[PDB]
There are 2 protein chains.
Amino acid sequence: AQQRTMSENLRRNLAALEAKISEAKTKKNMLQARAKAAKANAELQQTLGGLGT
Amino acid sequence: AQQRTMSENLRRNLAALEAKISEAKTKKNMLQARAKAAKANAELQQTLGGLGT
(Lines give C-alpha, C1' and ligand atoms only; values in the text may rest on other atoms or scores of the structure.)
Protein backbone atom coordinates (compact mmCIF):
# COMPACT_ATOMS: atom_id res chain seq x y z
CA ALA A 1 0.00 0.00 0.00
CA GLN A 2 2.89 2.37 0.88
CA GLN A 3 4.78 1.34 -2.32
CA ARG A 4 1.74 1.96 -4.56
CA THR A 5 1.29 5.43 -2.94
CA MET A 6 5.00 6.31 -3.45
CA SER A 7 5.08 5.10 -7.08
CA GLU A 8 2.22 7.48 -7.98
CA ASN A 9 4.08 10.42 -6.39
CA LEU A 10 7.23 9.46 -8.37
CA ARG A 11 5.27 8.83 -11.62
CA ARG A 12 3.36 12.14 -11.56
CA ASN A 13 6.14 14.38 -10.14
CA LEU A 14 8.47 13.08 -12.92
CA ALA A 15 5.73 13.87 -15.48
CA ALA A 16 5.57 17.49 -14.22
CA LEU A 17 9.40 17.79 -14.46
CA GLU A 18 9.42 16.26 -17.96
CA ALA A 19 6.77 18.83 -18.95
CA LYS A 20 8.98 21.69 -17.74
CA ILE A 21 11.96 20.25 -19.63
CA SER A 22 9.69 19.87 -22.66
CA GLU A 23 8.78 23.60 -22.36
CA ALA A 24 12.51 24.42 -22.29
CA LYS A 25 13.06 22.61 -25.62
CA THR A 26 10.24 24.63 -27.33
CA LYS A 27 11.25 27.88 -25.54
CA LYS A 28 14.89 27.49 -26.73
CA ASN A 29 13.63 27.09 -30.36
CA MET A 30 11.68 30.38 -30.39
CA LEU A 31 14.18 32.28 -28.18
CA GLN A 32 16.89 31.40 -30.74
CA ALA A 33 14.86 33.08 -33.53
CA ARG A 34 14.55 36.41 -31.66
CA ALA A 35 18.21 36.29 -30.49
CA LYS A 36 19.23 36.46 -34.19
CA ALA A 37 16.66 39.19 -34.96
CA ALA A 38 17.73 41.58 -32.17
CA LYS A 39 21.32 41.86 -33.39
CA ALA A 40 20.16 42.48 -36.96
CA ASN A 41 17.80 45.29 -35.94
CA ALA A 42 20.70 47.08 -34.27
CA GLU A 43 23.10 46.39 -37.14
CA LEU A 44 21.08 48.35 -39.70
CA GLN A 45 20.70 51.20 -37.21
CA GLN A 46 24.44 51.23 -36.36
CA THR A 47 25.33 51.42 -40.11
CA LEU A 48 22.66 54.10 -40.81
CA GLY A 49 23.39 56.25 -37.75
CA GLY A 50 25.93 59.07 -37.42
CA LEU A 51 27.58 57.25 -34.50
CA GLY A 52 31.33 58.00 -34.41
CA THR A 53 33.73 59.39 -37.02
CA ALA B 1 15.69 -34.28 35.24
CA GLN B 2 17.98 -31.20 35.36
CA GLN B 3 19.23 -31.93 31.78
CA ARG B 4 15.67 -32.26 30.39
CA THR B 5 14.74 -28.92 32.06
CA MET B 6 17.85 -27.17 30.62
CA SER B 7 17.35 -28.56 27.10
CA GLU B 8 13.84 -27.06 26.95
CA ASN B 9 15.19 -23.63 28.01
CA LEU B 10 17.90 -23.89 25.30
CA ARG B 11 15.44 -25.22 22.65
CA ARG B 12 12.80 -22.51 23.19
CA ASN B 13 15.16 -19.54 23.85
CA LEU B 14 16.99 -20.40 20.57
CA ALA B 15 13.59 -20.51 18.79
CA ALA B 16 12.80 -16.97 20.05
CA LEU B 17 16.24 -15.72 18.84
CA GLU B 18 15.80 -17.44 15.44
CA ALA B 19 12.41 -15.69 15.16
CA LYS B 20 14.02 -12.29 15.76
CA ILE B 21 16.72 -13.06 13.17
CA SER B 22 13.95 -14.21 10.83
CA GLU B 23 12.19 -10.82 11.35
CA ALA B 24 15.48 -9.08 10.46
CA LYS B 25 15.65 -10.91 7.10
CA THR B 26 12.07 -9.80 6.16
CA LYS B 27 12.60 -6.28 7.63
CA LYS B 28 15.80 -5.81 5.55
CA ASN B 29 13.85 -6.77 2.37
CA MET B 30 11.15 -4.10 2.83
CA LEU B 31 13.52 -1.47 4.32
CA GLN B 32 15.66 -1.80 1.16
CA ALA B 33 12.64 -0.89 -1.02
CA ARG B 34 11.93 2.37 0.85
CA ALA B 35 15.66 3.27 1.06
CA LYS B 36 15.67 3.43 -2.79
CA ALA B 37 12.35 5.36 -2.87
CA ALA B 38 13.42 8.13 -0.45
CA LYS B 39 16.38 9.23 -2.55
CA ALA B 40 14.26 9.29 -5.71
CA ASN B 41 11.58 11.47 -4.13
CA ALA B 42 14.23 14.05 -3.25
CA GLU B 43 15.94 13.79 -6.64
CA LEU B 44 12.91 15.00 -8.60
CA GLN B 45 12.41 17.82 -6.10
CA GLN B 46 16.11 18.86 -6.23
CA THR B 47 15.97 19.01 -10.09
CA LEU B 48 12.60 20.87 -10.09
CA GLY B 49 13.46 23.34 -7.32
CA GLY B 50 15.18 26.72 -7.65
CA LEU B 51 17.91 25.60 -5.24
CA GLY B 52 21.23 27.28 -6.11
CA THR B 53 22.47 29.05 -9.25
# chains A, B, ... in the order shown; residues from 1 in each chain; ligands from 1
call {"tool": "interface_residues", "arguments": {"of": "chain B", "to": "chain A", "cutoff": "7 Å", "atoms": "only C-alpha atoms", "output": "list in words"}}
result
residues 41, 44 and 48 of chain B
call {"tool": "write_last_selection", "arguments": {"atoms": "C-alpha atoms", "output": "PDB file, in the first residue's frame"}}
result
ATOM      1  CA  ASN B  41      11.575  11.466  -4.130  1.00  0.00           C
ATOM      2  CA  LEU B  44      12.909  15.000  -8.600  1.00  0.00           C
ATOM      3  CA  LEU B  48      12.596  20.866 -10.091  1.00  0.00           C
TER       4      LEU B  48
END
call {"tool": "atom_distance", "arguments": {"atom1": "atom CA of residue 25 of chain B", "atom2": "atom CA of residue 40 of chain B"}}
result
24.0 Å
call {"tool": "atom_distance", "arguments": {"atom1": "atom CA of residue 8 of chain A", "atom2": "atom CA of residue 38 of chain B"}}
result
13.5 Å
